[PDB]
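Atom set for the values below is all heavy atoms of this structure, side chains included, hydrogens, waters and symmetry mates excluded. Order of the sequence lines fixes the chain letters, A, B, ..., with proteins taken first and strands second; residue numbering starts at 1 for each chain.
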Amino acid sequence: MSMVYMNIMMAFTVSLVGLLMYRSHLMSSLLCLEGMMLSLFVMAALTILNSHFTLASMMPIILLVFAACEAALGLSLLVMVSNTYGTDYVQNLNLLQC
Amino acid sequence: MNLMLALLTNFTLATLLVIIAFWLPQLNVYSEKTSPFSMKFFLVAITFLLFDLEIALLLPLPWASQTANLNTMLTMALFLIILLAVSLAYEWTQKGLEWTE
Amino acid sequence: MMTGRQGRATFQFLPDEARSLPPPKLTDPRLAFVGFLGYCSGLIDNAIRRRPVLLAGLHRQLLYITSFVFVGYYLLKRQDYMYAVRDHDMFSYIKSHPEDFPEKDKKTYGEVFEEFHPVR
Amino acid sequence: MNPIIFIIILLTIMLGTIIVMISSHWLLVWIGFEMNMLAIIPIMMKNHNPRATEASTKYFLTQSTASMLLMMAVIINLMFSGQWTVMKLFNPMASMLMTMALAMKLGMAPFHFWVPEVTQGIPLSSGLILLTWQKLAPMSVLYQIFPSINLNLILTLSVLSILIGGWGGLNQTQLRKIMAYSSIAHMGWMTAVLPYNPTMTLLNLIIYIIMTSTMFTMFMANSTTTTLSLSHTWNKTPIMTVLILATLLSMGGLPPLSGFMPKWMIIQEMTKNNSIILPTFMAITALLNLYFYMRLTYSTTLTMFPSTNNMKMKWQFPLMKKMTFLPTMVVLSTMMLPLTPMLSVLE
Amino acid sequence: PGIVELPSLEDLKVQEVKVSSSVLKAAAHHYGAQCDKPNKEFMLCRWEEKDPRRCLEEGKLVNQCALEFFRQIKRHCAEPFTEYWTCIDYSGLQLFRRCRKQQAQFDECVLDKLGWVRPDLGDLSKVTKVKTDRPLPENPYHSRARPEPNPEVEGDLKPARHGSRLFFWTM
Amino acid sequence: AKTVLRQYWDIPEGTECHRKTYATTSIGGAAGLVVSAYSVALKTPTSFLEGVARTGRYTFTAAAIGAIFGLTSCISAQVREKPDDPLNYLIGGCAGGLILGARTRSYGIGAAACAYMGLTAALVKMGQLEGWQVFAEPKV
Amino acid sequence: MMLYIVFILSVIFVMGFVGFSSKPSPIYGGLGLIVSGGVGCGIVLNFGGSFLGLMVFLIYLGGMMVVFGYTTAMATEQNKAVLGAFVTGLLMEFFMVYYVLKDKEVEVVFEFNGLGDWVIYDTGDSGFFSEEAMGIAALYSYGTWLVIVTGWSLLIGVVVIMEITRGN
Amino acid sequence: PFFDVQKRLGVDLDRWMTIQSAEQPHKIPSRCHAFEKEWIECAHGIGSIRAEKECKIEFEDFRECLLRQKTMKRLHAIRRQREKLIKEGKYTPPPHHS
Ligand SMILES: CCCCCCCCCCCCCCCCCC(=O)OC[C@H](COP(=O)(O)OCCN)OC(=O)CCCCCCCCCCCCCCCCC
Ligand SMILES: CCCCCCCCCCCCCCCCCC(=O)OC[C@H](COP(=O)(O)OCCN)OC(=O)CCCCCCCCCCCCCCCCC
């Protein structure tokens with residue numbers, strides 16, 4: 001591939017592992033989710049710019065617009081979780097076991 | 001390289017003033033002194049984000065006016081702005097832009 | 001498997017070439033069964049709403065039967081077309097590759113040796 | 001919720017799924033999924049209670065993660081082939097993430113732990129959308145990229161789904177959880193025959209949607225969500241118990257009902273490819289599904305459970321629920337075996 | 001695979017045109033109306049051959065016309081031209097509209113001394129035709145023969161032989 | 001899993017029993033870690049020390065079963081001079097099944113495990129002889 | 001050492017990811033994601049993407065990340081695991097950097113090279129425009145379908161969030 | 001597509017950005033326009049089962065223009081050989097390479 005791709009590709013892996021291992025806060029994981037889209041944004045832009053894929057120069061912007069809209073929907077749920085149990089801890093969200 | 005030096009100088013200068021500001025008066029020796037989530041604020045931030053994203057789709061308009069398909073380009077340009085105004089109307093009528101409990 | 005067929009018009013319920021095939025008869029056994037299904041749906045409609053099963057809503061029962069037969073007629077028309085296409089492709093492919101489908105050499109039972117296993 | 005906003009949100013759920021099915025570009029496929037997840041959360045939060053809030057959160061995190069993996073597969077596929085077309089992927093690593101992203105969205109084992117819990121925390125009408133409509137979009141993509149899916153991966157996810165759906169359902173009394181595990185079990189059948197004959201993946205999907213929609217509709221009519229509450233139906237609407245018996249028997253694959261057709265055709269398309277061990281193991285493990293279906297038939301229609309005194313006040317009012325297409329769905333769920341050769345319309 | 005063939009260091013040598021971008025930009029309009037024929041032959045060569053090694057001889061002809069073009073200015077209009085590109089060279093953007101007064105003198109000088117007419121707005125951007133004896137390439141992409149298509153299915157669509165033939169169904 | 005299985009099937013049956021046992025012990029040991037990997041994840045141990053005790057317990061029980069299958073099934077093929085014989089695997093499967101009962105402290109599990117593990121092992125040997133396929137490659 | 005600016009930035013890019021991936025307090029986690037975003041734009045700028053790089057600052061850092069920090073300060077109530085994860089992350093980064101700088105070839109899932117990012121850049125360009133800008137401006141002439149679906153999704157985002165946050 | 005609505009209606013919803021050799025604004029080409037064109041014209045109409053065998057030569061060239069894997073191996077070899085001879089007194093870079 002190339003030398004830069006290794007770190008971008010390894011940055012996605014770090015964020016994925018970070019998202020799959022919650023500690024206590026729900027806000028912490030949403031950041032790991034928005035880190036993933038940042039790595040995908042940079043990785044796609046590197047590919048498109050280097051190959052002179054002109055019409056694909058708009059794709060990274062579309063990736064950013066939808067990923068931010070999804071992030072907004074994520075924060076709204078976090079707020080409604082905090083207004084119920086007083087904190088954004090994931091251990092509280094355990095009613096559905098039974 | 002020029003833009004890199006300009007950023008380095010500005011932030012390096014700011015750091016110096018900050019540290020010498022926390023130390024220059026400490027060259028002096030003064031005797032030791034001793035001894036609710038709001039929903040409406042959150043909705044302003046989220047409304048700004050969705051509006052801010054729609055602005056991202058409008059920034060390339062000046063370049064988009066150089067095309068040979070002005071009829072198509074002018075149709076979609078007025079569609080995005082009209083849709084952005086429709087979002088404002090929905091929040092306005094649904095009491096989104098209010099600060100009274 | 002029959003998706004990228006050479007003779008194809010995508011996203012068409014009944015291509016033009018299907019009109020050269022005989023239509024399903026209005027007395028088709030499959031079409032009578034589809035109509036019978038519509039009638040059964042009518043009776044259940046009365047039962048779940050606590051109406052007289054056999055008599056209530058004869059006008060409603062008539063549209064249950066007609067809609068099933070109407071939809072059933074076209075599905076059967078497409079069913080017989082897709083099977084006609086399969087045979088059409090199967091036979092054309094056999095002509096194009098005669099070496100892969102040779103004419104079997106036929107030997108009478110007087111000469112072919114089959115082992116005998118007695119039951120004793 | 002305002003009725004007009006309810007229609008608008010529903011049409012956006014449909015539009016998201018339709019965009020996935022009419023798109024020849026991976027970006028529009030991804031956009032289709034995003035528009036679909038954005039619109040379905042409000043119908044899960046509509047009842048405004050902690051359980052709904054928890055269910056919507058567990059669904060968002062699962063579907064958000066799945067969409068990120070899918071977009072990673074698309075970019076890897078762009079680097080190694082320089083195109084966006086919705087077809088076979090050109091890198092084995094892209095195929096794995098793509099196959100795993102779709103598995104998470106579908107709810108296949110071992111990416112299954114959210115289906116029982118999300119379906120339990122939302123109303124019946126929201127569960128009906130979740131278990132039937134939300135499965136169309138991922139299956140459409142699998143129909144198109146199956147030539148490059150890793151065989152051992154897709155067949156391994158299929159086998160686990162059949163097992164975990166079976167064992168999970170035995171230990172359930174809540175109706176919403178029983179359908180959730182039933183949904184996991186039937187997914188394994190759809191993806192087991194996918195490498196061999198994708199046409200039978202659609203047939204099993206169509207039949208599953210019809211049968212599942214019939215069950216949820218009958219539960220919604222009597223507002224029943226527990227096994228016991230369903231056992232009072234014989235004393236309120238006797239006809240509805242006979243329809244539940246027939247559908248439950250159909251879902252179990254017992255001939256001569258409709259639910260035997262897909263299990264019948266999938267076993268045919270696998271023995272043609274000299275697959276004998278897998279269809280037998282799949283068919284035998286499906287008897288677990290027939291068991292906890294039969295248990296509901298014993299407490300609903302084949303025995304008369306105890307009733308309560310206040311039930312007598314219900315006899316004086318009719319059913320005002322919509323029960324849309326219930327007469328038509330129930331007949332299609334039971335009396336379609338003689339029309340099996342009609343599956344060619346799906347080719 | 002193969003070995004990339006490259007021309008020799010003596011096959012590329014030619015007398016360069018060593019004048020700054022301001023000098024070229026001052027003479028651009030007259031230059032394009034005088035050396036059009038050798039110029040367009042070279043460009044037709046490049047867009048057709050798609051290989052710079054195939055159009056080296058046309059390239060040298062482009063250089064020679066430019067050298068001869070500037071010598072004529074060197075003989076008749078030197079001071080007017082030297083004063084024209086000095087004003088162009090002063091601006092960071094090398095604007096024409098800042099030097100209309102000096103342009104007229106240079107434009108008039110060439111008109112009298114050489115009969116050169118400055119092309120009008122929109123002339124140098126026109127598609128033109130060039131008569132060349134170089135044969136048209138047959139396989140410019142060096143592509144191989146395409147794989148032959150599948151046999152096409154043709155004939156009459158007759159009904160299925162005994163129907164679906166699905167297990168026991170008779171139609 | 002692809003490379004280790006090749007090692008087991010490359011060795012002809014009833015020979016080099018030391019290497020076959022090592023191959024079987026590896027597979028069972030791996031299957032033990034996979035099981036204990038999910039057990040720790042879904043059922044949190046009370047402490048780190050308790051976690052490693054569980055992971056070691058499952059890993060040894062799984063590795064003990066596989067160790068005795070390859071050893072027992074390879075010795076049997078030697079004394080009987082019958083490589084292509086499923087009965088060799090039946091003895092190995094049941095021998096491994098008893099070990100499972102031994103670790104669980106139950107005679108019922110040992111008897112049930114011996115019967116079913118032994119039956120499954122015999123089928124595996126039959127498939128290798130006759131080329132049965134669990135994940136068949138699409139052909140038609 | 002200025003020829004390897006892109007690789008140096010990428011190394012800082014990863015270190016920031018190990019920062020907030022270890023999940024310190026949300027206040028510091030968001031701080032680390034701002035650093036990675038700024039470094040991320042730096043990489044995109046050096047590949048020729050100026051509009052895309054600046055769009056990261058305006059929309060990602062000055063947009064979403066401000067809402068993240070704004071929501072953290074209002075709904076977050078201002079260990080060994082954090083340090084353990086953070087140290088584990090840096091070590092893997094160091095070894096990946098160490099090997100790709102020793103033999104200039106590393107194989108982890110993919111075959112990566114270590115010559116330098118500059119070796120793949122295009123060698124010819126004489127246009128009177130920015131190729132990146134032309135593509136993005138094509139959103140209005142070519143991307144009619146994209147504009148409609150994107151705009152509708154943003155409009156539905158407004159409707160959906162108000163529904164979720166009403167609470168009654 | 002699962003449903004070919006675009007082909008039925010003759011409307012180009014998203015086929016304009018699928019490939020990098022399609023029509024680009026101002027006729028700006030991609031770096032691998034020639035290679036993509038050759039592979040597309042080789043594999044057209046014969047299905048992907050055949051194209052994986054009868055158009056492998058073109059595909060390998062296309063993938064070589066995308067990731068440039070083979071070229072970087074060759075340059076890497078030359079750099080090592082020059083470096084090895086450099087630290088032995090056995091090589092002398094010419095004036096125009098320094
Ligand atoms: C060969 C010598 C060993 C055998 C000796 C036998 C004597 C008895 C001792 C038993 C030992 C059993 C171990 C056998 C495993 C090794 C043999 C094998 O089959 O290989 C499997 C795997 C090999 O690992 P790999 O580096 O990929 O080798 C590539 C070779 N092609 O090796 C494995 O790791 C398999 C074990 C499962 C690994 C996955 C477990 C989950 C990992 C995630 C951990 C949890 C998530 C991490 C974060 C949690 C927080 C810390
Ligand atoms: C062909 C080439 C050869 C290939 C290698 C052959 C060797 C195969 C090795 C077999 C691996 C078996 C995997 C199971 C490992 C044991 C799992 C385990 O650790 O738990 C066992 C479980 C313990 O439960 P318990 O201790 O009571 O609860 C503790 C709570 N703290 O106690 C139990 O409940 C036991 C239940 C286990 C049942 C699982 C199914 C048995 C394994 C199926 C395979 C059968 C075939 C094996 C024979 C060889 C086949 C070729």
Enquirer: Check whether any side-chain heavy atom of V86(D) sits under 4.5 Å from a side-chain heavy atom of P1(H), and report yes or no.
Expert: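 With C-beta onward as the side chain, the pair stays apart.
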
Enquirer: Do you know which two heavy atoms are closest between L194(D) and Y143(D), and how far apart they sit?
Expert: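 Closest heavy-atom pair between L194(D) and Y143(D): CD1-CA, 4.5 Å.
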
Enquirer: Can you check whether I19(D) reaches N36(D) side chain to side chain, under 4.5 Å on heavy atoms?
Expert: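 Counting from C-beta outward, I19(D) and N36(D) never come under 4.5 Å.
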
Enquirer: Is there a side-chain hydrogen bond (donor to acceptor under 3.5 Å, both in side chains) between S223(D) and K321(D) once you walk through the steps?
Expert: CA-CA 10 Å; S223(D) 300; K321(D) 297 289 179 62; 3.1 Å; yes

Enquirer: What distance separates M187(D) CE from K135(D) NZ, expressed to the nearest 0.5 Å?
Expert: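 Atom-to-atom, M187(D):CE and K135(D):NZ are 3.5 Å apart.
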
Enquirer: Just checking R50(C): does its CZ atom have more than 12 heavy atoms from other residues, nucleotides or ligands closer to it than 6.0 angstrom?
Expert: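 Not more than 12 within 6.0 Å, no.
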
Enquirer: Count the heavy atoms belonging to other residues, nucleotides or ligands that lie under 6.0 Å from CE of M304(D), then report whether that count exceeds 12.
Expert: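 Counting neighbours around CE of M304(D), 12 or fewer heavy atoms of other residues, nucleotides or ligands fall under 6.0 Å, so no.
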
Enquirer: Enter the distance from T247(D):OG1 to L332(D):CG here, rounded to the nearest 0.5 Å.
Expert: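 Going from the OG1 atom of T247(D) to the CG atom of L332(D) covers 11.0 Å.
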
Enquirer: Under the salt bridge (charged side-chain N to carboxylate O under 4.0 Å, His left out) definition, can you give me all pairs with a residue in residues 10-26 of chain C, not counting sequence neighbours?
Expert: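 Every pair satisfying salt bridge (charged side-chain N to carboxylate O under 4.0 Å, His left out) with a residue in residues 10-26 of chain C: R5(C)-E17(C).
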
Enquirer: Can a donor-acceptor pair be found, under 3.5 Å and without considering hydrogens, that links the side chain of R165(E) to the backbone of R161(E)?
Expert: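 Judged by distance alone, yes, a pair lies under 3.5 Å.
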
Enquirer: Is there a donor-acceptor contact under 3.5 Å linking the side chains of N46(C) and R60(C)?
Expert: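 Their side chains do not contain a donor-acceptor pair, so the 3.5 Å distance test is not met.
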
Enquirer: To check you understand the geometry: which heavy-atom pair defines the closest contact between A192(D) and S158(D), and what is its length?
Expert: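 Smallest interatomic distance, heavy atoms only, reads N-OG, 3.3 Å.
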
Enquirer: Counting only heavy atoms not in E103(C), do more than 12 fall under 6.0 Å of its CD?
Expert: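 Result for CD/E103(C): open.
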
Enquirer: Ignoring hydrogens and angles, tell me if any N or O in the side chain of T334(D) forms a donor-acceptor pair with the backbone of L257(D) under 3.5 Å.
Expert: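 No: the side chain of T334(D) does not pair with the backbone of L257(D).
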
Enquirer: Flag the pair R49(C) / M323(D) as yes when at least one side-chain heavy-atom distance between them is below 4.5 Å, and no otherwise.
Expert: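 The answer is yes, as the side chains (C-beta and beyond) meet within the 4.5 Å cut-off.
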
Enquirer: Roughly how far, to the nearest 0.5 Å, is the CD atom of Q61(C) from the CG atom of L54(C)?
Expert: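 These two atoms lie 7.5 Å from each other.
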
Enquirer: So, taking the atom named CD1 in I65(C) and the one named CG in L37(C), what distance separates them when rounded to the nearest 0.5 Å?
Expert: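 The distance works out to 11.0 Å.
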
Enquirer: Tell me whether the count of non-hydrogen atoms from other residues, nucleotides or ligands lying under 6.0 Å of CD1 in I7(D) goes above 12.
Expert: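 Correct, the count exceeds 12.
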
Enquirer: What do you reckon, is CD1 of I49(H) surrounded by more than 12 foreign heavy atoms closer than 6.0 Å?
Expert: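 Incorrect, the count does not exceed 12.
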
Enquirer: Using side-chain contact (heavy atoms from CB on, under 4.5 Å), reason through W133(D) and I40(D) one step at a time and then give a plain yes or no.
Expert: CA-CA 11 Å; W133(D) 181 265; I40(D) 200 180; over 6 Å; no

Enquirer: Kindly indicate, with the supporting measurements, whether the criterion side-chain contact (heavy atoms from CB on, under 4.5 Å) is fulfilled by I277(D) and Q133(F).
Expert: CA-CA 7 Å; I277(D) 299 173; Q133(F) 290 172 288; over 6 Å; no

Enquirer: Out of curiosity, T301(D) OG1 to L243(D) CG, how far, rounded to the nearest 0.5 Å?
Expert: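 Going from OG1 on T301(D) over to CG on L243(D), the span is 9.0 Å.
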
Enquirer: Would you indicate whether the side-chain heavy atoms of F281(D) and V159(D) approach each other to under 4.5 Å?
Expert: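 Heavy-atom side-chain distance check passes, below 4.5 Å.
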
Enquirer: Using 0.5 Å steps for rounding, measure from the CG atom of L102(D) to the CG atom of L142(D).
Expert: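 So the CG of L102(D) and the CG of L142(D) are separated by 5.0 Å.
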
Enquirer: Tell me, do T217(D) and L124(D) make a side-chain contact under 4.5 Å, heavy atoms counted?
Expert: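 They are not in side-chain contact.
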
Enquirer: Quick one about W264(D) and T340(D) (side-chain donor to acceptor, distance below 3.5 Å, no hydrogens or angles considered), yes or no?
Expert: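 Not at all, the side chains of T340(D) and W264(D) share no donor-acceptor pair under 3.5 Å.
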
Enquirer: What residue pairs, at least two apart or across chains, pass side chain to side chain donor-acceptor pair (under 3.5 Å) with a residue in residues 277-294 of chain D?
Expert: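 Checked against side chain to side chain donor-acceptor pair (under 3.5 Å) - neighbours excluded - the pairs reaching residues 277-294 of chain D are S182(D)-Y293(D).
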
Enquirer: What closest approach, in Å, do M179(D) and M251(D) show between heavy atoms, and which atom pair accounts for it?
Expert: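 Minimum heavy-atom contact is CE-CE, 4.1 Å.
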
Enquirer: May I have all residue pairs that pass side chain to side chain donor-acceptor pair (under 3.5 Å) and include part of residues 195-215 of chain D, sequence neighbours excluded?
Expert: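 Residue pairs passing side chain to side chain donor-acceptor pair (under 3.5 Å), neighbours aside: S183(D)-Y208(D), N197(D)-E269(D), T214(D)-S333(D).
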
Enquirer: Can you pull the ring-ring contact (aromatic ring centres under 6.0 Å, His included) pairs that have at least one residue in residues 6-47 of chain C, sequence neighbours excluded?
Expert: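 Checked against ring-ring contact (aromatic ring centres under 6.0 Å, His included) - neighbours excluded - the pairs reaching residues 6-47 of chain C are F11(C)-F3(H).
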
Enquirer: Within the side chain of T328(D), is there an N or O that forms a donor-acceptor pair under 3.5 Å with the backbone of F325(D)?
Expert: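 A pair under 3.5 Å: no.
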
Enquirer: Taking the six-membered ring for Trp, are the ring centroids of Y93(C) and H97(C) within less than 6.0 Å of each other?
Expert: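 Under 6.0 Å, so yes.
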
Enquirer: For the side chain of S161(D) and the backbone of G188(D), is there at least one donor-acceptor N/O pair under 3.5 Å apart?
Expert: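 Judged by distance alone, no pair lies under 3.5 Å.
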
Enquirer: Does OH belonging to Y298(D) count more than 12 external heavy atoms closer than 6.0 Å?
Expert: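 No, because the 6.0 Å sphere around OH of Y298(D) holds 12 heavy atoms or fewer from other groups.
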
Enquirer: Mind checking what makes side-chain contact (heavy atoms from CB on, under 4.5 Å) contact with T237(D), not counting sequence neighbours?
Expert: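 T237(D) satisfies side-chain contact (heavy atoms from CB on, under 4.5 Å) with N222(D), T233(D), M240(D), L319(D) only.
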
Enquirer: For residues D87(C) and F91(C), determine if any side-chain heavy atom of one lies less than 4.5 Å from a side-chain heavy atom of the other.
Expert: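 The answer is yes, as the side chains (C-beta and beyond) meet within the 4.5 Å cut-off.
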
Enquirer: A side-chain contact here means heavy atoms from C-beta on lying under 4.5 Å apart; do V34(C) and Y73(C) qualify?
Expert: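 SC-SC contact between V34(C) and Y73(C) ruled out.
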
Enquirer: Please answer whether the main-chain N or O of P338(D) pairs with a side-chain N or O of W169(E) as donor and acceptor at a distance below 3.5 Å.
Expert: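 It does hold such a pair.
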
Enquirer: Taking it one step at a time, do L203(D) and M265(D) satisfy side-chain contact (heavy atoms from CB on, under 4.5 Å)?
Expert: CA-CA 9 Å; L203(D) 178 69; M265(D) 290 292 131; 4.2 Å; yes

Enquirer: Give a yes or no on whether the backbone of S23(D) and the side-chain of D14(H) come within a donor-acceptor separation of less than 3.5 Å.
Expert: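 No, the answer is negative, given that no donor and acceptor are paired below the 3.5 Å cut-off.
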
Enquirer: How close do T300(D) and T241(D) get, counting heavy atoms only, and between which atoms?
Expert: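 The pair with the smallest heavy-atom distance is O-CG2, 3.4 Å.
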
Enquirer: Could you tell me whether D4(H) and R8(C) have a side-chain N and a carboxylate O separated by less than 4.0 Å?
Expert: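 No, this pair does not count.
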
Enquirer: Taking atom NZ of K88(D) as the centre, report whether more than 12 heavy atoms of other residues, nucleotides or ligands fall under 6.0 Å from it.
Expert: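 Result for NZ/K88(D): enclosed.
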
Enquirer: With side chain to side chain donor-acceptor pair (under 3.5 Å) as the rule and sequence neighbours excluded, what pairs involving residues 63-72 of chain C come up?
Expert: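 Found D45(C)-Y64(C).
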
Enquirer: May I have the step-by-step check of side-chain contact (heavy atoms from CB on, under 4.5 Å) for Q134(D) and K105(D), ending in yes or no?
Expert: CA-CA 9 Å; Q134(D) 292 298 95; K105(D) 294 190 171 290; over 6 Å; no

Enquirer: Donor-acceptor check, side chain of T99(D) to backbone of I149(D), threshold 3.5 angstrom: yes or no?
Expert: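 No, because the side chain of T99(D) does not come within donor-acceptor range (under 3.5 Å) of the backbone of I149(D).
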
Enquirer: Looking only at non-hydrogen atoms, find the nearest pair between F33(D) and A137(D) and report the distance.
Expert: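 Result for this residue pair: CE2-CB, 3.6 Å.
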
Enquirer: Flag the pair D28(C) and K77(C) as a salt bridge only when some basic side-chain nitrogen lies within less than 4.0 angstrom of an acidic carboxylate oxygen.
Expert: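 Salt bridge between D28(C) and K77(C), a charged N being under 4.0 Å from a carboxylate O: no.
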
Enquirer: Does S250(D) use its side chain to pair, donor to acceptor, with the backbone of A246(D) at less than 3.5 Å?
Expert: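 It does not hold such a pair.
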
Enquirer: Has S344(D) got a side-chain atom pairing as donor or acceptor with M82(C)'s backbone, closer than 3.5 angstrom?
Expert: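 Such a contact is absent between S344(D) side chain and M82(C) backbone.
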
Enquirer: Any side-chain heavy-atom pair from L296(D) and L175(D) closer than 4.5 angstrom?
Expert: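 Yes - at least one pair of side-chain heavy atoms lies under 4.5 Å apart.
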
Enquirer: Which atom pair, heavy atoms only, marks the closest approach of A185(D) to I162(D)?
Expert: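 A185(D) and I162(D) have their closest heavy atoms at O-CG1, 3.9 Å.
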
Enquirer: Output yes when a side-chain donor or acceptor of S275(D) lies under 3.5 Å from a complementary backbone atom of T271(D), and no otherwise.
Expert: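 Such a contact is absent between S275(D) side chain and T271(D) backbone.
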
